[PDB]
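# An overview of the molecular structure
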Amino acid sequence: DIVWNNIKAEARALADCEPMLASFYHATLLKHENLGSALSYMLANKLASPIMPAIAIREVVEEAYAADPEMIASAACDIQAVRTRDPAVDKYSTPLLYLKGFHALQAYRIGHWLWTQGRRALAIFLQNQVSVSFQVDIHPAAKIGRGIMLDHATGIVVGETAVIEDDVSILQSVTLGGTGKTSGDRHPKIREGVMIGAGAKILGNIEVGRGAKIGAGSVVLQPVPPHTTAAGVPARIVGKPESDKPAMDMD
Amino acid sequence: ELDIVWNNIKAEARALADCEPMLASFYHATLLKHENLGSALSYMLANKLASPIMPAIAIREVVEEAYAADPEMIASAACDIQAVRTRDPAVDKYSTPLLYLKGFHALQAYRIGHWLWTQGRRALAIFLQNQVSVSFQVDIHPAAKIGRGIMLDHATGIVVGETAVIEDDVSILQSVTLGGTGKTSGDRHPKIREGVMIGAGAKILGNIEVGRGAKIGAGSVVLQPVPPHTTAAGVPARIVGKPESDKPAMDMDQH
Amino acid sequence: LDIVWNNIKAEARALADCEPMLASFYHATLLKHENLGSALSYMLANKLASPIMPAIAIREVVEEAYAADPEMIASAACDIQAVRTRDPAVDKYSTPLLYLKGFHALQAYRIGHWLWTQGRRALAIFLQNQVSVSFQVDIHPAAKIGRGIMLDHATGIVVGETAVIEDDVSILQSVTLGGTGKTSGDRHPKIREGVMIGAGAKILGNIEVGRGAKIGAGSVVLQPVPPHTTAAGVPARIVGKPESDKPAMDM
Amino acid sequence: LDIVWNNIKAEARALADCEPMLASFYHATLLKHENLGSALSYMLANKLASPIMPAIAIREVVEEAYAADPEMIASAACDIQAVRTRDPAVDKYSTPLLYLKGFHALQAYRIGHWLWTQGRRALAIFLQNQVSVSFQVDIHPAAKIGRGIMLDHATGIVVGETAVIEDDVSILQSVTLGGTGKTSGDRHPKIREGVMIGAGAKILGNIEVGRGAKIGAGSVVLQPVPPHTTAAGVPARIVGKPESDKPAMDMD
Amino acid sequence: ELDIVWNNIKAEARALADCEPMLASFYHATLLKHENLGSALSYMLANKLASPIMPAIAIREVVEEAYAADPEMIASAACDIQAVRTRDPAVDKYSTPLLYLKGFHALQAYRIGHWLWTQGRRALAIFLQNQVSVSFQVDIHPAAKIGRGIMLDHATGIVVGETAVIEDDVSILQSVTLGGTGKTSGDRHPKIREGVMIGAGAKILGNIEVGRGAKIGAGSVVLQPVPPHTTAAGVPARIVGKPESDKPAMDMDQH
Amino acid sequence: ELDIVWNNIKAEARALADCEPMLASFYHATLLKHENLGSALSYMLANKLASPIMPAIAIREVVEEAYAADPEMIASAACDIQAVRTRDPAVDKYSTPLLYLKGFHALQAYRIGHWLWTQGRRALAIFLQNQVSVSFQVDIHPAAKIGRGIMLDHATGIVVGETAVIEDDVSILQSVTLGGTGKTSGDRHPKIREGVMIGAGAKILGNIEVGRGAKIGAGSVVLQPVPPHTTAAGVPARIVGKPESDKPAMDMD
């Protein structure tokens with residue numbers, strides 16, 4: 001509710017800032033009563049393709065938001081996460097309009113909901129369109145929570161059996177990928193509060209304890225305990241982070 | 001092998017057509033309406049490569065030409081499908097690579113640009129090479145010599161340069177670079193041999209062998225040659241062991 | 001600018017005959033223009049075009065910027081020369097202009113930079129993020145980047161708000177000149193004249209990279225790096241001194 | 001409106017099986033909707049979409065109008081019935097909705113009309129002219145048109161600012177309900193309930209066409225025309241009286 | 001009358017390719033890259049009928065099917081090309097109808113919908129019929145029986161209804177309606193016979209003959225049958241004379 | 001006259017920009033961002049003529065060339081704007097023709113193809129002629145000689161052939177055909193003179209004068225010459241009168 005009024009606020013100012021984009025700001029933000037509508041609009045535009053047009057995607061997204069409204073809530077926490085944690089982002093509207101990490105994340109939620117409902121064929125279709133379109137490959141069966149930030153995002157991979165809990169922050173090229181040719185648990189369970197830096201690779205079914213910090217470039221083959229800074233290739237513990245939840249700080 | 005894979009695709013397609021009404025016509029357009037795999041492949045390549053400069057319809061003419069002129073490309077692709085199905089535990093269907101997976105699409109798009117480059121049609125090969133980079137996030141120079149039964153899982157970020165070779169039964173992941181060194185033309189890209197796995201975010205630079213059955217770890221930056229049946233790793237790459245199978249491409253043991 | 005522009009035009013006439021399907025393309029992009037500045041606005045308009053801002057409208061903006069700061073066109077000619085010599089895969093002055101996303105993203109950065117100078121932030125941000133989606137090269141408009149630069153392959157490059165890249169630098173796929181902290185202010189690398197950075201480096205925070213250094217592939221560089229030094233490893237220690245004065249020219 | 005909608009849905013299920021290439025089309029346009037109003041907003045959004053206003057954005061506008069004046073949806077159901085009976089080429093309640101530019105233009109008029117009532121003139125005009133280009137039907141939003149209307153073929157229809165068309169009218173290609181003068185004010189026909197107008201009529205100025213008349217094909221009608229009369233000729237004199245009460249229903 | 005016409009198209013195309021650089025690739029794509037007329041026609045129809053619902057690539061498959069199944073359609077179209085070139089003094093080239101003239105395109109699109117309707121593929125035939133109305137402003141019901149050597153010059157506004165017939169060597173202009181009467185199915189559309197011209201803005205309603213070689217006046221509204229070798233005209237249509245040539249379609253003497 | 005019309009367009013545009021938020025950026029893109037009418041015209045023609053074969057950006061280069069080479073086109077178009085505003089009681093704004101009216105667009109697209117044809121760029125002129133037919137339902141051969149202050153109101157169905165002439169201050173409606181006869185090249189299209197109105201669905205065939213100030217009625221099929229200051233009509237066309245004004249184009253009686 002409060003986040004949505006700032007978006008609308010910022011939008012009125014931007015509409016005056018840049019005439020070329022007035023109608024854009026009006027179409028994406030100002031014409032909607034609430035965030036859920038701005039989200040279906042944005043997802044429809046960003047996922048649209050000849051095979052499924054915006055208008056048809058929007059029907060699907062609205063279905064999912066009608067059926068599990070906490071998605072909209074999740075996304076509002078995802079907006080707040082970016083605004084504080086990204087010093088490049090000074091506005092509640094920037095993620096919603098412009099940031100592929102945020103878009104991919106919300107597109108994941110739709111495919112997740114679809115997969116919950118056993119609508120696998122669609123979930124997979126979208127998963128892969130999102131890869132091509134936003135350069136983020138998240139399997140719909142992954143369990144991701146609220147207040148997440150995929151900053152820059154180009155190159156993120158997250159596989160079938162992964163979990164990401166609330167208040168996590170991830171960067172470009174991070175892979176929460178698997179090992180083996182065999183189905184079953186083989187993807188990381190990343191716990192509440194973790195930061196992962198650019199170009200980490202975290203493979204197999206391994207915990208990353210509640211509050212840990214995976215350094216940039218790190219390749220993490222073994223479990224990593226809470227409140228620990230892992231790093232190196234492959235990853236040994238070089239540290240303990242400077243805050244309880246290093247996701248909020250981005251050291 | 002190409003007849004049986006094609007009937008499973010068609011089989012799966014009939015079921016999916018019923019699974020998801022919104023996409024019936026999609027499944028029909030991409031898979032069910034075709035007599036064979038080669039047709040489904042030209043369809044898919046035409047749609048995925050299409051651009052105002054060369055529309056699907058025009059790309060398809062080119063792809064069909066190449067498949068008419070070197071039908072083993074269709075064969076190669078059927079081995080690429082089988083490779084993914086077994087090696088990817090996320091992929092439980094012969095149709096998933098064909099419909100959805102940019103690694104598979106980029107790979108087949110490479111084969112077209114390769115054929116073009118063999119025919120001296122360089123301008124086109126380059127055009128496509130770079131469109132495929134933009135469209136699928138895979139940058140493969142057409143002059144590279146890549147074989148059958150290959151898997152570019154996830155694929156975002158793969159680079160493979162002018163003088164590289166990849167032999168049959170190789171498996172590669174996101175961000176792998178088979179890139180070169182120097183400002184000078186000539187051999188300067190890896191020759192990756194039959195059976196290798198390369199993990200996420202490797203960088204393998206210059207003209208260096210990677211022996212038949214080796215395993216390049218994730219994150220690894222590989223400046224010197226790597227012998228057969230060896231597990232390289234680290235930045236830069238030293239040998240930390242020997243892999244757990246003959247051909248670690250088939251297993252995907254990233255440990 | 002005039003020397004090459006004639007080579008581009010030359011190469012174009014030959015290519016027009018090489019490949020009939022693309023004659024009209026070569027004519028539209030290169031042969032129909034009196035100078036490089038026009039070929040650049042054409043190419044940027046086509047490559048940045050979107051339903052929200054069509055080629056025709058983007059071109060008006062690019063032409064404005066080139067009218068207002070013509071040294072952009074100059075910068076881009078040095079960017080073309082840089083690629084031709086340093087890329088042994090590229091044997092033609094026209095290849096970067098037509099085909100190479102690194103080159104396109106780089107020039108698109110210059111437009112967003114100019115826009116940001118003029119306080120047209122809303123637009124600069126819009127373009128920054130379209131370029132991320134379209135070319136997989138995220139760059140912040142506020143970064144200060146110079147002439148004779150090469151982003152070879154490019155997929156995955158990130159460069160953040162407070163970065164500097166000086167003249168005669170060469171960067172590869174997945175390089176991140178990214179930041180640290182949740183706070184605004186200087187937090188991105190200042191990469192100096194002559195540096196090469198190899199594939200998949202990650203250079204984080206406000207740190208110098210001295211005039212002529214060489215960052216190895218895969219390297220994660222958390223501390224300052226002195227001139228004429230070869231850093232490497234994860235994290236990065238000095239393993240030597242490069243083989244040329246300015247290792248950007250050699251690769 | 002309920003019964004017509006179930007036939008559409010019925011026909012759609014059969015067609016979905018008839019033609020695999022168009023399954024997803026039939027599903028997208030007809031089968032996935034609970035009611036006619038939704039199928040109408042869908043169709044109008046797709047057909048009016050343009051880079052300036054995308055389907056998604058048009059749909060929001062159409063849904064607004066249908067929320068604000070639901071009798072539009074009703075009007076359109078009568079327009080569907082009209083075509084099915086009066087067009088011997090049309091054997092299905094779904095054909096107008098999917099395929100017939102006359103029907104589309106007519107419903108697009110209703111949206112621009114509603115917009116113009118709300119003083120949203122700039123939009124109404126924008127759409128009026130997009131519809132001209134897209135469907136070759138130029139209807140000014142300020143015209144007052146009613147239910148059970150059929151614009152069969154439609155290419156070339158013009159209908160001007162001050163025209164009225166009442167319920168149960170039928171019009172063909174190239175018909176112009178156009179005006180005269182350089183001056184604003186009443187200058188367009190008031191066509192009354194039951195009229196047929198044939199191909200390539202031109203009916204100019206502020207003139208009645210009485211309740212049940214029949215304007216022949218090719219006719220150029222400069223003077224008023226009384227009820228239950230067959231006009232014709234260039235210019236139009238009365239050559240008779242039609243064979244039915246309401247010649248719109250017959251198309252003699 | 002094919003094959004010689006096709007070499008002139010190709011000839012003209014080579015010259016035009018040099019005339020106009022902006023359109024080289026267009027001339028190459030539509031004409032020069034094809035071995036025969038049938039291919040240029042499927043190309044042309046695919047591009048011109050393409051829509052998000054059915055893309056060029058998909059339409060082309062359908063057109064090729066029809067041309068494989070009833071090759072005389074290609075023949076018919078070559079006679080339609082010849083017809084325009086002689087009868088249109090604005091058209092000095094065998095390629096102009098194929099590239100540019102909506103009458104010619106709509107005509108050939110009719111042939112596809114006709115073939116479809118013969119095969120009982122009504123839903124598609126109707127879809128195309130109406131897309132052609134929107135795209136080319138020509139509304140021809142697929143069930144109409146139209147023959148070779150026809151010219152729809154200008155074409156904007158032509159309507160031709162379910163039960164109409166047009167025989168070989170007919171010429172029709174903008175706004176002509178070969179439309180019907182009644183609310184009832186059955187024969188109710190004109191049977192226009194070999195050699196007729198119809199001028200701009202005629203309206204010919206109901207099941208009525210127009211004899212072999214007649215000439216319909218422009219603006220004419222024709223409610224009764226019209227005998228061979230007769231010039232009808234007026235609103236409604238009475239006979240004002242006899243035309244100046246045997247087959248007034250070939251001349252276009254509109255007086 | 002071209003300065004003052006252009007300031008009204010710009011004026012109207014700001015008001016409309018506030019009227020309708022969905023279209024602000026449209027009004028800004030088409031009208032407000034341009035220094036003069038010539039730029040707004042190249043913009044509009046580029047967007048409206050754009051196609052996969054020739055994109056807006058490429059068409060605009062061509063239109064700008066023509067306007068640089070024969071600036072009186074822009075002038076012609078300003079007279080075409082004024083013509084519509086007065087003569088169309090449905091049009092109360094100098095900007096309506098420019099944004100929205102296919103008659104106006106087709107007319108200006110004709111001017112480009114005409115210029116191209118004068119320069120011997122026939123292949124392009126023909127390409128555009130026919131795209132305009134498909135896109136705007138107006139079929140005007142580039143070789144026709146058409147003048148300023150013209151109004152194609154509604155326009156759907158207009159045809160105008162190779163050897164036709166339309167002089168200044170003419171007004172034409174939907175379905176009008178200035179078409180020809182014969183299979184033979186040479187003069188065979190009407191020479192319509194200054195001041196004529198032609199009503200809906202006229203058909204005027206062969207090489208015949210229509211004198212300076214005449215009025216062709218709606219539906220009329222005109223096979224013989226028609227003298228100045230005369231009201232023709234009927235099928236075929238005989239003289240039923242004399243019009244109520246000197247130049248019946250300005251009145252639309």
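Residues numbered from 1 in each chain as written, not as in the entry; some residues may be left out. Chains lettered and ligands numbered in written order. Heavy atoms only, no water. Residues with missing side-chain atoms left out of burial classes, pairs and counts.

If you check the header, you'll see the entry was determined by X-ray crystallography and the resolution is listed as 2.8000 Å.

Taking the PDB entry as the reference, chain D is identified by name as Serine acetyltransferase belonging to Klebsiella pneumoniae MGH 78578. The header of this PDB entry states its title as "Crystal structure of Klebsiella pneumoniae CysE in complex with L-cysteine". Per UniProt, the comment on chain D under Sequence similarities (unreviewed entry) is "Belongs to the transferase hexapeptide repeat family." You can read under Pathway (unreviewed entry) in the UniProt record for chain D the words "Amino-acid biosynthesis; L-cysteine biosynthesis; L-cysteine from L-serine: step 1/2." (UniProt positions renumbered as here; feature names shortened; annotations may be inferred.)

Under the annotation held in the PDB entry, chain A carries the name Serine acetyltransferase and is attributed to Klebsiella pneumoniae MGH 78578. You can read under Subcellular location (unreviewed entry) in the UniProt record for chain A the words "Cytoplasm". Recorded under Sequence similarities (unreviewed entry), the UniProt text for chain A is reproduced unchanged: "Belongs to the transferase hexapeptide repeat family."

### What about the UniProt feature "domain: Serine acetyltransferase N-terminal" (unreviewed entry) in chain A?
Under the present numbering, the feature "domain: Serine acetyltransferase N-terminal" (unreviewed entry) in UniProt falls on residues 3-107 of chain A. When the span residues 3-107 of chain A is considered, its composition is 76% helix and 0% strand, and the gap between its end C-alpha atoms is 20 Å. (Helix = DSSP H or I, 4+ residues; strand = E, 2+ residues; numbered from the N terminus.)

### Points about the side chain of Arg87 of chain E
Along the chain, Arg87 of chain E falls in helix α5 (residues 72-87). Under the relative-accessibility criterion, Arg87 of chain E is labelled buried at 3%. Polar contacts involving the side chain of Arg87 of chain E include one to the main-chain carbonyl oxygen of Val170 of chain E, which spans 3.1 Å. Beyond its immediate stretch of four places on either side in the chain, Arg87 of chain E contacts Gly149, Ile150, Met151, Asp169, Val170, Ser171, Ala249, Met250 and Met252 of chain E together with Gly182 and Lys183 of chain F. (Buried < 20%, exposed > 50% of the residue type's maximum accessible area, 1.4 Å probe, protein only. Polar contact = N/O pair within 3.5 Å; in protein donor to acceptor, adjacent residues only side chain to side chain. Contact = heavy atoms within 4.5 Å.)

### Section: the nonpolar core
Counting 461 residues, the largest nonpolar core has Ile198 of chain E together with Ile198 and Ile216 of chain F as its most contacted members. Setting aside anything within four residues of it in sequence, one finds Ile198 of chain F in contact with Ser171, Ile172, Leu173, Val176, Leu178, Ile192, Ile204 and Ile216 of chain F. Counting eight residues, the second largest nonpolar core, distinct from the first, contains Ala217 of chain D together with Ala218, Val221 and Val235 of chain E. (Core = buried A, V, L, I, M, F, W, Y, C linked by side-chain atoms within 4.5 Å.)

### As for helix α7 (residues 101-117) of chain D
Residues and elements named next belong to chain D. Its 17 residues give α7 an end-to-end C-alpha distance of 24 Å, which sits within 8% of 24 Å, the value for a rise of 1.5 Å per residue. Summarising burial for α7: 16 of the 17 residues are buried, a large majority. Just downstream of α7, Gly119 is the residue with a positive phi angle, here 80°. (Expected span 1.5 Å × (residues − 1).)

### Some points on the interface of chain E and chain F
With 31 residues of chain E at the contact, the number on the chain F side is 30 residues. Elements that contribute at least two residues to the side of chain E that touches chain F include exactly α2 (24-32), α5, α6 (96-100) and α8 (122-136) of chain E. Along the lines of polarity and charge, the residues of the side of chain E that touches chain F split into 15 nonpolar, eleven polar and five charged. (Nonpolar A, V, L, I, M, F, W, Y, C, P; charged D, E, K, R; others polar.)

### Remarks on the packing of helix α1 (residues 2-18) of chain D against helix α2 (residues 23-31) of chain D
All names here are of chain D. Where α1 meets α2, the axes come as close as 9 Å, and the angle between the chain directions of the two elements is 170°. Taken together, the axes of α1 and α2 lie roughly antiparallel to each other. On the side of α1, the interface is formed by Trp5, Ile8, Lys9, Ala12, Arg13, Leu15 and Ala16, while α2 contributes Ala23, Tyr26, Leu30 and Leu31. Residue composition of the contact of α1 with α2, grouped by class: nine nonpolar, no polar and two charged. (Axes fitted to C-alpha atoms, helices over the stretch in contact; angles between N-to-C directions. Parallel < 35°, antiparallel > 145°, perpendicular 65-115°, else oblique.)

### A closer look at the domain arrangement of chain A
Residue and element names in this part refer to chain A. What the domain assignment reports for chain A is domain 1 (1-136) and domain 2 (137-250). When each unit is reduced to the centre of its C-alpha atoms, the spacing between domain 1 and domain 2 is 24 Å. Domain 1 puts 23 residues into the contact, and the matching count from domain 2 is 26 residues. (Domains from an automatic or database assignment.)

### Re the sheet that holds strand β2 (residues 144-145) of chain C
Pairing between the strands of a sheet comes from backbone hydrogen bonds, and it takes one of two forms, parallel or antiparallel. Spatial ordering of the open sheet is given by β2-β5-β8-β11 (chain C), a layout of four strands whose pairing is parallel. Whereas interior strands pair on both sides, the edge strands pair on one side only; in this sheet they are β2 and β11 (208-209) of chain C. (Pairing = 2+ DSSP bridges.)

### Re the side chain of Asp153 of chain B
Residues and elements named next belong to chain B. Tracing the sequence through the fold places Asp153 in the loop between β3 (151-152) and β4 (158-160). Here the side chain of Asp153 touches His154 through a polar contact of 3.1 Å, side chain to side chain. In this structure, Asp153 is in contact with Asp88, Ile172, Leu173 and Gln174, ignoring residues within four places of it in sequence.

### Points about helix α7 (residues 101-117) of chain C
The terminal C-alpha atoms of α7 of chain C lie 24 Å apart, and with 17 residues this matches the ideal 24 Å at 1.5 Å per residue to within 8%. Directly after α7 of chain C, the chain includes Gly119 of chain C, whose backbone phi takes a positive value near 80°.

### Thoughts on the pattern of salt bridges
Considering all chains together, one arrives at 71 salt bridges over all chains under this definition. Measuring nitrogen to oxygen at the nearest pair gives 2.9 Å for the salt bridge that ties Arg148 of chain B to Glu72 of chain B. On the criterion of sequence distance, the pair formed by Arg148 of chain B in the loop between β2 (145-146) and β3 and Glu72 of chain B in helix α5 (residues 72-87) is long-range, its members being 76 residues apart. According to the relative accessible area criterion, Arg148 of chain B is partly exposed, its value standing at 29%. Here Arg120 of chain D and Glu20 of chain F are joined by a salt bridge, their closest N and O atoms 3.5 Å apart. Of this pair, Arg120 of chain D sits in the loop between α7 and α8 (121-135) while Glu20 of chain F sits in the loop between α1 (2-19) and α2 (24-32), which puts the two residues in different chains. Like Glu20 of chain F, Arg120 of chain D is buried. (Salt bridge = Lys/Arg side-chain N within 4 Å of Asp/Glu carboxyl O.)

### Structural notes on the domain arrangement of chain D
Residues and elements named next belong to chain D. The domain boundaries assigned to chain D delineate domain 1 (1-137) and domain 2 (138-251). The C-alpha centroid of domain 2 is placed 24 Å from the C-alpha centroid of domain 1. Opposite the 23 residues of domain 1 that make contact, domain 2 presents 27 residues. Elements represented by at least two residues in the side of domain 1 that touches domain 2 include exactly α5 (71-86), α7 and α8. Its residues assigned to classes, the side of domain 1 that touches domain 2 shows ten nonpolar, seven polar and six charged.

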